[PDB]
Colleague: 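This is the structure I want to talk about, given as structure tokens.
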Amino acid sequence: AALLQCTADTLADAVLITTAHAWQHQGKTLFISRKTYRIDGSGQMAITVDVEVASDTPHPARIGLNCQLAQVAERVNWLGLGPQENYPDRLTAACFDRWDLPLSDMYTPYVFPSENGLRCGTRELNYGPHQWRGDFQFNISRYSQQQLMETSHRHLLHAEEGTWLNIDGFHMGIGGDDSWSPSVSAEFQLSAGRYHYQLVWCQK
Amino acid sequence: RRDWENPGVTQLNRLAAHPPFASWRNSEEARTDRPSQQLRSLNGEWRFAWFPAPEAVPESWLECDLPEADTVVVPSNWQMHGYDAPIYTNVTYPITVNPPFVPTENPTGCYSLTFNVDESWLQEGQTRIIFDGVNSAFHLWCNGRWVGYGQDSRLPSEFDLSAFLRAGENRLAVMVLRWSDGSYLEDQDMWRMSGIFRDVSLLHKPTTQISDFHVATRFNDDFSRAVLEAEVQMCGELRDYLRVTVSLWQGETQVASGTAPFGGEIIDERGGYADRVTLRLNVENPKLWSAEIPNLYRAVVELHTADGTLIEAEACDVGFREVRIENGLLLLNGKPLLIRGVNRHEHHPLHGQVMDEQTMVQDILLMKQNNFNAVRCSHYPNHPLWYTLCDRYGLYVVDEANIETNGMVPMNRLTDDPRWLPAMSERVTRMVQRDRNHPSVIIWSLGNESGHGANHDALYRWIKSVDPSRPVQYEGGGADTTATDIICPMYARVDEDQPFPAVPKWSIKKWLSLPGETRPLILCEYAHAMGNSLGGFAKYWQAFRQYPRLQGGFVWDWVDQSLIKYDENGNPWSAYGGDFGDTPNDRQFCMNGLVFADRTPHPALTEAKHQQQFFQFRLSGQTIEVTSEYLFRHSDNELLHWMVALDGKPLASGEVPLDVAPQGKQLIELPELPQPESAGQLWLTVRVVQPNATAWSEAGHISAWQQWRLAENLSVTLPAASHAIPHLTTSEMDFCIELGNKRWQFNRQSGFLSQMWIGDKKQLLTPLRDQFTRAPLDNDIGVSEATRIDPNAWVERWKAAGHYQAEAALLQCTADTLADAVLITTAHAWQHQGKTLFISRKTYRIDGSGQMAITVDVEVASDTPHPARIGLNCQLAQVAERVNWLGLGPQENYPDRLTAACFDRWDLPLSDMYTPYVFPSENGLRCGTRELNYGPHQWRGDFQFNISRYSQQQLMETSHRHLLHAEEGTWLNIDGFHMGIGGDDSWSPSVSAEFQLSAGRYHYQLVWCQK
Ligand SMILES: CC(C)S[C@@H]1O[C@H](CO)[C@H](O)[C@H](O)[C@H]1O
Ligand SMILES: CC(C)S[C@@H]1O[C@H](CO)[C@H](O)[C@H](O)[C@H]1O
Ligand SMILES: [Mg+2]
Ligand SMILES: [Mg+2]
Ligand SMILES: [Mg+2]
Ligand code: NA
Ligand code: NA
Ligand code: NA
Ligand code: NA
Ligand code: NA
Ligand code: NA
């Protein structure tokens, strides 16, 4: 990320932080992310994200945010598609309802490790003291995308401190018509160019 | 007798049908197709009188001109002369259904003519008169004596007047009935008119004459050899001395000829035809006819004596082509066709159903220029000249019998009834007898919308037996009956099934593979172009290209059937059903064309041209792959032009000669490119241009195009620090923002931007407000009507849900001053009867730069019908001359109808941003727009827009374009999203799901900045 702008403003009943970032590679701008974080008197933080993706870069795997939480809670509760892992082109079996599972169940132990455990069409997610609201897809677990990507076998995965949360506005299909040539269908590729999403983060 | 109320009598004393004759008495004239002194036109001024019923016609009329008659032009439709009203009804018959009777009040046209006949014509030979088209039935008298009667409004009726004429002056009397039992088989969806509407002529033939002739052409496997066979029949006295000679010419060169006395081969135990003979000519490497290269030869048939004295000659254009269905595919000269067709009715806004050469030529040229290669004579045999033009300019034709009994219950009531077979049979047989020698006719059709009856099966088999050279098709009864060689549905969808009982309309892709099915599929009608339509057109093309057995289709239809009427100011205006007092009527359903009545294009036309292109393209790095869809010709009148532009700014362009074989490819390597000196999206646009003029196109004609996005450079450079900061003034009723000479006012009671100033000049006539509806298109209304609502129609869903009546309730309106800007926040709910339909949350950020940034986030209740659009609208105080945008264009384009439009910088007069559909509706949208300029205003973002002098309200309350009146200022509709327009049909919801606004949550943002 290359910071482009970072400002803070005081509102009648809130504080407004505006940011803008660029991700580049060898001088090419791949993505631009513009956000606002509005913190009001109720303790709620409303994050608005507007992203641009260069039309000529390969459509990205996802459009979201991530962070490592200090908290390690026992359960995961959400209002969205479940209870099992589901992806945009693999979610017809999942039902929209209130789901509550132990944390470990939010991780799928594929022998060869990868991105996993996403849940789509979620409107509310609760973990420990935290609560996220909006319309997003998410995964939660003790393994970072970095570790998963670097470990060839599930038995060698190690829980990291805390919990990794990947909350996405958009996520690419997983495909599978075959596993030797690109199989994700156009309609599940993130090729819109401009994407918008919003999340509210709060406590309890 | 009341012959017009008896389907057992369709003519009295009428001569047999045959192919076009001219009775030349000079071979060279026949060869060159020059006018024949033996074929005279009687078109021109005639005498005419109108009566309410046949019983009111005075007998004196038979021998003497009625003083009260008028002199009028013939051919003509009398309704077009104001004698009575033309009637527009679609399915329901214009008369009480009570076959075979017609109303007692039956408008009767009494036509007459006094003309001269040369003595030479009567000293020898036979003089007949020919009525190419009389609607719907008539009796004929000559010199006061009764001659005969005829039915079938769309085929010539011929009568021998040899015994009735005298040298010098003679008087014809023709009593034309508007309604007859033939009207039961004439229920096509078009204006119901009457009169002597096709040519009238006199033909002189010798007593001993060529009475008929049939030309057939067969070939070897690869079409490098052919055999032309001509069967010729004679009437008159057989003499051993008679001979027939058939010669074939290519240009001025005679390539083959054969001569024989009459006397055909043995046919059965009783012998053969002594009055016939068939000549067979070999043709090596014939030049084949196709719509791509309509090569023609001339066959001349001479009847003469052995000593060589000519008796008479006939002749026709011959096109060497084979039509056959094999292994499921319709082949032409052994290659599979891809029909880029259109249905075309014979319609003229001024002249009604009378057709003229100039109009026909204009139609053919526009069709070809727009990539059509075929036409269906919906739904009757056409004026004879039509076939000659299609043979010479090159179009595949479906010739269709004049049989349509749509308004019967059930549809096949008459067609399954044997008492109706005879009337039906002549409508089929007489067509074939007349048109079987035209190369352009490649398929025969049994008629239209008359269910499926046993009569159809009989006639299907008759044609197969008499003319094996052309497939036979018929859609009635489910489009795949035993009476069709082609699955030829009307309005079947690409992917969606419509499982109607008894006559389902399956998805075309699914239809081909039904168990046991093997035929090709070509839609007889699809993409109903009524008003703002052709949404989903590209969907059909993609499928036709991917499935071999999907061989295309015929769009419905070519031209709007509107008629001219004149206002109080004598200003002509376009009229539709009901405008002539006709009732019941089908209102705007008579207007479904790609072009307006005067042949001006509707926007859908370009979508069709683009989808029907004959060259396909692919882009790989710097290589462009061009593939030809021509089956027979090389691209020998084509060059490729390419242009690279950065956000509309030209950067580079070139041309490359195209040399592609039919169905071949060519790879063109593009030049290394300079770099764009700045941020933006680079786009590549290519076009195929024909440098040379052709018989149907001008030099420089653009036949195909395509664009792609190349590199894009995202803008990351921060603008410049503005040195001014806007100021907010708060009052009880408003929030006002001032930035030097500019001001913006937000009303606190409404929650909207109510006024804007540049100096002291107010910019708005109406506040900027959200808009979620549109003035309904014809496809949104479908067959719904006030007196009979169709609750499933989109318009009725929206109406019932209150979308049109919804009122905005303000939820919130606040003002915040930022460091360098003022921030207005609002929220509104649109409710109806207690239900919240939509919620709009917005922010307006105004900074030192004078730009107003608007963000919009809308929630739409999942249970309310998906809205027509999600946008804003306002009435601007300014009226400017031009409209300039960076987006899709230049013509009107919608989400499901935008493939033809290209992304570039466009600039047009404001009036061209309005599409004048006869029945007004939302129109003129342009999509994928990043910048819009109008007067001192500039809007940037990624939206769809329309701009004009008419509000959506006016458009929806005005039923005829001529009654529209420019409002003050300019109405601007800017949409973050807009629903598709549909058009698979105009009677049931046809907007595909992917083009419906069903996301639930929508986000868009715009920046408005001015001078
Ligand atoms: C309105 C439908 C019930 S019938 C529909 O009407 C159309 C109107 O242009 C065309 O005439 C079609 O051929 C006919 O099938
Ligand atoms: C004579 C050519 C047009 S086709 C010619 O017809 C022959 C029968 O006459 C045979 O069928 C040959 O195989 C065929 O090539
Ligand atoms: Mg009759
Ligand atoms: Mg009909
Ligand atoms: Mg395109
Ligand atoms: Na891995
Ligand atoms: Na095909
Ligand atoms: Na009506
Ligand atoms: Na119609
Ligand atoms: Na060329
Ligand atoms: Na209207």
Side-chain angles (χ1 to χ4, degrees), chain B residues 531-532 603 752-753 756 763-777 780 794-795 798 803-804 806 808 830 838 840 842 852 854 856 858 860 866-880 883-885 887-889 891-895 897-898 901 906 908 910-917 920-935 937-958 964 966-981 995 997 1002 1004-1008:
Chain B
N532 192 346
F752 299 113
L753 172 69
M756 270 156 286
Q763 308 291 304
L764 294 188
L765 297 176
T766 71
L768 174 72
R769 290 176 62 97
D770 308 81
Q771 177 171 229
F772 299 106
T773 51
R774 68 179 176 206
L777 305 192
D780 288 337
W794 275 104
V795 70
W798 288 328
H803 289 196
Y804 286 100
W830 271 265
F838 326 106
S840 178
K842 318 182 200 53
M852 180 177 43
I854 308 175
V856 186
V858 169
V860 175
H866 312 139
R869 46 155 44 102
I870 295 171
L872 309 170
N873 81 311
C874 61
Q875 189 185 12
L876 297 179
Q878 173 105 26
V879 179
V883 179
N884 179 287
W885 76 108
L888 298 170
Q891 304 193 35
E892 170 187 275
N893 58 90
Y894 285 78
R897 193 186 76 227
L898 55 64
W906 307 104
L908 301 175
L910 170 65
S911 64
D912 281 0
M913 301 304 293
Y914 156 71
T915 297
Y917 290 119
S921 69
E922 143 80 24
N923 70 87
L925 203 68
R926 275 82 168 164
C927 298
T929 298
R930 312 300 299 287
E931 176 186 307
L932 173 64
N933 297 299
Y934 183 66
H937 307 289
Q938 184 178 87
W939 305 261
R940 289 198 338 273
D942 175 20
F943 53 83
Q944 347 306 322
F945 77 94
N946 70 51
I947 186 165
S948 76
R949 307 288 302 282
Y950 309 117
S951 51
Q952 291 289 289
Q953 185 178 355
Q954 187 180 171
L955 287 168
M956 88 182 84
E957 299 171 344
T958 305
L964 289 170
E967 307 180 28
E968 189 193 338
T970 308
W971 278 99
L972 168 65
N973 298 295
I974 291 226
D975 290 334
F977 306 85
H978 199 105
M979 178 175 144
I981 61 181
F995 292 112
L997 304 185
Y1002 284 93
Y1004 57 105
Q1005 309 148 22
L1006 296 152
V1007 161
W1008 190 333

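Heavy-atom basis, side chains included; hydrogens, waters and symmetry copies ignored. So you know, we letter chains A, B, ... as the sequences are listed, proteins then strands, and number each from 1.
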Colleague: Take B:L872 and B:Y1004 through the test side chain to side chain contact (heavy atoms under 4.5 Å, CB included) and record every step on the way to the result.
Modeller: CA-CA 11 Å; B:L872 309 170; B:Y1004 57 105; 3.4 Å; yes
Colleague: With a sphere of 6.0 Å drawn around CD of B:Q878, does it hold more than 12 non-hydrogen atoms of other residues, nucleotides or ligands?
Modeller: yes
Colleague: Looking only at heavy atoms, what is the nearest atom pair of B:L997 and B:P867, with distance?
Modeller: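 In terms of heavy atoms, the two residues are closest at CD1-O, 3.4 Å.
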Colleague: Quick one, B:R926 with B:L888, criterion side chain to side chain contact (heavy atoms under 4.5 Å, CB included). Give me CA distance, side-chain angles, the key distance, then yes/no.
Modeller: CA-CA 6 Å; B:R926 275 82 168 164; B:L888 298 170; 5.9 Å; no
Colleague: Take atom CD in B:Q953; do more than 12 heavy atoms of anything else shown fall under 6.0 Å from it?
Modeller: no
Colleague: Give, for atom CD of B:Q875 and atom CD of B:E967, the distance between the pair rounded to the nearest 0.5 Å.
Modeller: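 Between atom CD of B:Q875 and atom CD of B:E967 there are 6.0 Å.
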Colleague: Taking C-beta and beyond as the side chain, do B:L964 and B:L955 meet within less than 4.5 Å on heavy atoms?
Modeller: yes
Colleague: Aromatic contact between B:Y914 and B:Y950, with the criterion being ring centroids under 6.0 Å apart: yes or no?
Modeller: yes
Colleague: Please test B:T766 against B:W971 for side chain to side chain contact (heavy atoms under 4.5 Å, CB included), starting from the C-alpha separation and ending with a verdict.
Modeller: CA-CA 9 Å; B:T766 71; B:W971 278 99; 3.7 Å; yes
Colleague: Ring-plane angle category for B:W885 and B:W906, please: parallel below 30°, perpendicular beyond 60°, tilted otherwise.
Modeller: tilted
Colleague: How far apart are the closest heavy atoms of B:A877 and B:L765, and which atoms are they?
Modeller: CA-CG, 3.6 Å
Colleague: Ignoring hydrogens, what is the shortest heavy-atom contact between B:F995 and B:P895? Give both atom names and the distance.
Modeller: CE2-O, 3.2 Å
Colleague: If you compare all heavy atoms of B:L764 against all heavy atoms of B:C874, which two are closest, and at what distance to 0.1 Å?
Modeller: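 For B:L764 versus B:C874, the nearest heavy atoms are CD2-SG, 4.2 Å.
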Colleague: Is it the case that the side chain of B:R949 and the backbone of B:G969 share a donor-acceptor pair, with hydrogens and angles ignored and the cut-off at 3.5 Å?
Modeller: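 Yes; at least one donor-acceptor contact below 3.5 Å.
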Colleague: Which one of B:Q771, B:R774, B:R869 satisfies the side-chain hydrogen bond (donor to acceptor under 3.5 Å, both in side chains) criterion with B:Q952?
Modeller: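 Answer to the side-chain hydrogen bond (donor to acceptor under 3.5 Å, both in side chains) test with B:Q952 among B:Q771, B:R774, B:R869: B:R869.
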Colleague: What's the spacing between B:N873 CG and B:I947 CD1 if we round to 0.5 Å?
Modeller: 12.0 Å
Colleague: Go through the steps to decide whether B:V795 and B:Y804 satisfy the test side chain to side chain contact (heavy atoms under 4.5 Å, CB included), and finish with yes or no.
Modeller: CA-CA 10 Å; B:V795 70; B:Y804 286 100; 4.2 Å; yes
Colleague: Are B:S921 and B:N532 linked by a side-chain donor-acceptor pair shorter than 3.5 Å?
Modeller: no
Colleague: With B:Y1002, which of B:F772, B:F977, B:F943 fulfils ring-ring contact (aromatic ring centres under 6.0 Å, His included)?
Modeller: B:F977
Colleague: Could you tell me the separation between the CD atom of B:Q944 and the CD1 atom of B:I974, rounded to the nearest 0.5 Å?
Modeller: 9.5 Å
Colleague: Can you tell me how far the CG atom of B:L932 sits from the CZ atom of B:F945, to the nearest 0.5 Å?
Modeller: 5.0 Å
Colleague: What distance separates B:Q763 CD from B:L768 CG, expressed to the nearest 0.5 Å?
Modeller: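 B:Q763 atom CD to B:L768 atom CG measures 13.5 Å (nearest 0.5 Å).
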Colleague: Taking C-beta and beyond as the side chain, do B:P603 and B:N893 meet within less than 4.5 Å on heavy atoms?
Modeller: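 No. Closest side-chain heavy atoms not under 4.5 Å.
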Colleague: Test your reading of the model: is there a side-chain donor-acceptor pair from B:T970 to the backbone of B:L876, 3.5 Å cut-off?
Modeller: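 Not confirmed, B:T970 side chain does not pair with B:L876 backbone.
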Colleague: Can you name the closest pair of heavy atoms from B:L910 and B:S948 and give their distance?
Modeller: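 That closest heavy-atom pairing would be CD1-CA, 4.4 Å.
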Colleague: What residue among B:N946, B:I981, B:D780, B:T915 forms side-chain contact (heavy atoms from CB on, under 4.5 Å) with B:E922?
Modeller: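 That would be B:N946.
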Colleague: State the CH2-NE2 distance between B:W830 and B:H803, to the nearest 0.5 angstrom.
Modeller: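 Going from the CH2 atom of B:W830 to the NE2 atom of B:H803 covers 12.0 Å.
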Colleague: Suppose we call two aromatic rings close when their centres sit under 6.0 Å apart. Are B:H978 and B:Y894 close by that rule?
Modeller: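 They qualify: ring centres under 6.0 Å apart.
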Colleague: How are the rings of B:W1008 and B:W939 set to each other: parallel, tilted or perpendicular (split at 30° and 60°)?
Modeller: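 Rings of B:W1008 and B:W939: tilted, as their planes differ by 30° to 60°.
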Colleague: What's the shortest heavy-atom distance between B:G941 and B:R930, and which atoms?
Modeller: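 Heavy atoms only, the tightest pair is O-NE, 2.8 Å.
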Colleague: Under 4.5 Å between any side-chain heavy atoms of B:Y934 and B:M913, yes or no?
Modeller: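 No, every pair of side-chain atoms sits at 4.5 Å or beyond.
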Colleague: Tell me whether the rings of B:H866 and B:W794 are parallel (<30°), tilted (30 to 60°) or perpendicular (>60°).
Modeller: tilted
